[PDB]
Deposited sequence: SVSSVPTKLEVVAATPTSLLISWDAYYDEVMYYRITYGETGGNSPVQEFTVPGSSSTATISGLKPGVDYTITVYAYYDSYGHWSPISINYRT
């Protein structure tokens, strides 16, 4: 059935030094999303109502691993989802 939350993660648009990622919003209440990115680490957070995020400051021709964590509360998160993308 459902494995990771968010269920889908994709890079919708890219720049030699930056990326635009988007994920499917989950039915349940997400307090906040934690997003980590690094060379195949930097982390930041967007509120639970967000479904997109900007990742900048990257180096061209470098492959990165983008991981999104969905926190239902302060103490835990569902299984994360990860993708790979080379700028």
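* To do: Mind pulling out the bits of the deposited sequence that never got modelled, as residue ranges from 1?
  => Since the structure holds only modelled residues, the one stretch it omits is 41-45.
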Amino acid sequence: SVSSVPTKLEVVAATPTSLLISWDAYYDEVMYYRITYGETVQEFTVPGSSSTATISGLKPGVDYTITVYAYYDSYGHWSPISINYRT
From here on, numbers count along this sequence of modelled residues.
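* Asked: Mean C-alpha B factor from the entry: is it higher for 59-67 or for 21-29?
  -> Higher of the two, by average CA B-factor, is 59-67.
* **Record-listed C-alpha B factor of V2: chain third** => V2: CA B-factor falls in the highest third of its chain.
* To do: Report the third (lowest, middle or highest) to which the CA temperature factor of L9 belongs, ranking only the modelled residues of the same chain.
  => As the PDB entry reports it, the C-alpha B-factor of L9 lands in the middle third of its chain.
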